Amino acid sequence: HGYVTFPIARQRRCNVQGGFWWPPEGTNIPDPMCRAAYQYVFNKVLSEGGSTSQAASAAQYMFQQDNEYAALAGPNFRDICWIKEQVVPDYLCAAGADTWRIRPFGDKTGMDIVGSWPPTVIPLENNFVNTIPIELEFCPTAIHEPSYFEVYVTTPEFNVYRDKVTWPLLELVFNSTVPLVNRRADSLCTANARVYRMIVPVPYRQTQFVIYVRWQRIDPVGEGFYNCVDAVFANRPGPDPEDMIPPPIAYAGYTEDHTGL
């Protein structure tokens, strides 16, 4: 059990911001996308003939269980084709949990809605570099060893405004067992004194992208944890220093009236 604390996992961010315990309709949830996630599940339960209590419970469960975005793979867990087709074939940011009446894993599909999910902004010092090392921190709430981590990044064509995170849009960037280490004084992970930190070589992007983290138990039941992490690089402004030779308003209104429609 656990979640990504850096860059913060999408579901962990929603849980941390709170406001979802009351009113039951999700109206005190401050972030528009977290509120939409909650309301999606809440309205899905009501549409299936559930009571307001059942609907609030299902939507709250999705936020409360931010450390249990899990799926059971069974003994074939090492085979990514088995994972892709039978374990987490859909609703990747929910780790495939789409049954509000059955807990675990409930229905966490609100977290897989498409839209302007707020990303972690990673500033670049150089815009021409194609691999940016990120020290990812994963915050375990239970120590389940032996296990291993896989990290994927969305392909360059992925568009967060349009596309679901799906396996044909993901590329493997990291695959390793990772040691449990003491958290630093600046962590982030308040839930545990120890964390898993790993250097992930993130490919450059000029678009908002998703980092998809998989923590898989090396075990016969094959429980694995899956988290979507929203991120974007901020390109450094100004001219390319290598181009540079050394020395020896009604326009917005206009734009609005003359585009589209």
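Heads up: residue numbers just count along the shown sequence, starting at 1.
According to the entry, are there none, 1 to 3, 4 to 9, or 10 or more residues of the deposited sequence without coordinates between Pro248 and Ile249?
Unmodelled stretch: 10 or more residues.
Using only the Cα atoms and their B-factors as the entry lists them, report which of 81-89 and 125-133 averages higher.
So the stretch with the higher mean C-alpha B-factor is 81-89.
When the Cα temperature factors in the entry are averaged, is it 231-239 or 207-215 that ends up higher?
Mean CA B-factor is higher for 231-239.
What's the residue among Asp31, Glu48, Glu223, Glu68 with the greatest CA temperature factor in the PDB record?
Highest C-alpha B-factor among the listed residues goes to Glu48.
Among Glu145, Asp163, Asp112, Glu150, single out the one with the highest C-alpha B factor in the record, please.
Of the candidates given, the C-alpha B-factor peaks at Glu145.
Taking only the Cα B-factors deposited for this chain, tell me whether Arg197 sits in the lowest, middle or highest third.
Its C-alpha B-factor, which the entry lists for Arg197, ranks in the middle third among residues of this chain.
Lowest, middle or highest third of the chain for the C-alpha temperature factor of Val16?
It belongs to the middle third of the chain when residues are ordered by C-alpha B-factor.
What third of the chain, by the recorded C-alpha B-factor, contains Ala56?
According to the entry, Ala56 has a C-alpha B-factor in the chain's highest third.
Within this chain, which third does the Cα B-factor at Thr99 fall in: lowest, middle or highest?
Within its chain, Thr99 is a highest-third residue by C-alpha B-factor, going by the deposited values.
Comparing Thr155 with the other modelled residues of its chain, is its CA B-factor in the lowest, middle or highest third?
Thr155: CA B-factor falls in the lowest third of its chain.
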